[PDB]
Each structure stands twice: as C-alpha cells, then as structure tokens.
C-alpha cells in the first residue's frame, strides 16, 4: 500500500510503498477515507535527533477517518463498511482517568508504551490503517469524510480546551482566540455553538482575520505589539474572560497575560519550544488560571461529531492526494493552507 512517512531526522516526509497491515486480536483495519495534517506534525519533524522519540519510519497522520475493512479476532460493535473517526490519544483504558474516557490524561500510557497513530504508532496518511481497539472508533454516519477528519484534533483539541472552563463563558463573557488556522478556525465555531461568549480572533495575517469573521468571530485583531491594547479597547479595561492561544509562542502568551481578566483563564494550546506562561503574583491577575491542555476525551469527540452532524461546524479544508502528501506539508509550513489540509487516499 501507499503511505506517507517520516523516515530520516531533518528530512521531508516521503511517499513509500509498505505492506498493507493485518489486524490482530482486538484490532480493526480501516480503509482510510481522509487524513488530516496538523501543525504538530511539523513540530515533530523539527525535533532534534536527541529529542525525537516516535521511531523511524513513522506513518504520519493523527487525524483519521475511514471505513471498517477487516475485523480483528474477537472484535464486536462495528461491522465491515461502517464509517468511523479515530479517537487519537490512546490510553490503557483501565486507570482512573481512562475509566472516565479521559484517555488523553491516562496515567499509564507512557509506561506501557501506548502511543497515538501518527505520533509513535502508524498513522492515517496511508491507504489503510490499524486501530488498536473498538473503543477508539466513533461512528460518523454519512458525514463527508474530508470535513470529518479534522474533527479528531482540529475540532477535538479546542473543544476540550474550551470545555475545561465552559462555565466561565456566560452571557457577557469574552473569549479571545489566538491563531486562526486548523484548530483556531474550528475553535471560534465551537465557542459560538456551546456558549454565548463574544469571540475576538487574533492572527498575524489579514486573510486569516477574514477567515475568522467568515466562521463567526465577532471581532478580529491584528497580532503583535498592538494586540493587547486593541483587545482591551473591545472589552473595556475589564479584560478577556478566557484566552485560547492556539499559537503558544512567547509573544502570544505574553499578550494573553496582558488581556486576561481577574478570575479568568489562559489555555496554552499551541506548542512552541520553551514558551511558557509566567504564573506568579503581580505577573498575572488574581485567580486567572493557566493550563496546557492535551487533545481531548472520548465523550468530547462524540460531542464534536454531534456538532458537525447538526450543521454547526463549517470546516475549511483543502484536499490533496497521497502523492501530494509531502507538498501539502510544505504548504502547511509556509502557512498557505487556509484551514485544514486533508489527504484523501
């Protein structure tokens, strides 16, 4: 089968031919119908040799949608042909966090060597993929697979981050979204669907600001040195109830601390090496909590799928072939994918 793999430290992903896999006991083989590119793939491929821990080669792609092709021995709950999305942050399934479907916060996964598809286990950017267990599949019914693939991360991660502090986001609240890319442009729509928050979007690029308005942002602000003041002008000196930073650079985190309200929240979702919020007296308002959330929970993925089926999400995508896999990643690096890049095998 055809797949797109990271094969050498510091090199670009390449199209390879590798054996179509066979599902073992408990496992499920999907024919992949759509595979999303995530900016985290770029972070991974940029890691120095001394830090990269996912193994080589690695079939990329941790946003996966497909149809069930073959059932491993003993698998129940799905039949051949079923359209499903892959729950990515695999956990042990048995610890206290896993018991609540919070497998993203599994306390055993690291020790047991359990890794996500595309991030340690073979990913979805191939004609076929293996899923470890039936509980990491979620039915999507007749959802267009291309729009559905981003739901597994671009949808799921912001959904989780927002969900952590949803009770803060009542009428009169303001939510700031920094970074209107794959995650950001979906995060705006989630905010509008599950809360009455006023949504202020922030990006370096005017066209991304335009995208922000297209998907529902009430306001759009240019990132950089003037952004904090501009956000405050919109909120009055009260500041923003919550800031969801899908960039996570030191500059954006700094902006977030300068606009967040007393008893508010900063979610640092974007990943930038060494960048960090500075949480201490006189450096952040009283009671404004900060967190680096990770991916999302099982029930949350189901909720994201429900938003999509209700027509509440307009996922902006561009489609590529598998052969275009490497070219798509160059486009992602350069910031020319207006939304989510999705490979259709």
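Positions refer to the first chain, counted from 1.
- Between 71 to 79 and 252 to 260, the higher mean Cα B-factor belongs to 71 to 79.
- 59 to 67 and 44 to 52 differ in mean CA B-factor, and the higher of the two is recorded for 44 to 52.
- Within the selection 229, 203, 142, 153, the deposited Cα B-factor values reach their highest point at 142.
- The entry lists C-alpha B-factors for 240, 112, 186, 169, and the highest of these is at 112.
- The deposited CA B-factor of residue 298 belongs to the lowest third of values across its chain.
- In the PDB entry, a CA B factor belonging to the highest third of its chain's modelled residues is recorded for residue 4.
- When all modelled residues of the chain are sorted by CA temperature factor, residue 116 is found within the middle third.
- Ranked by Cα temperature factor within the chain, residue 285 sits in the middle third according to the deposited record.
- In the PDB entry, residue 245 places in the lowest third of its chain by CA B-factor.
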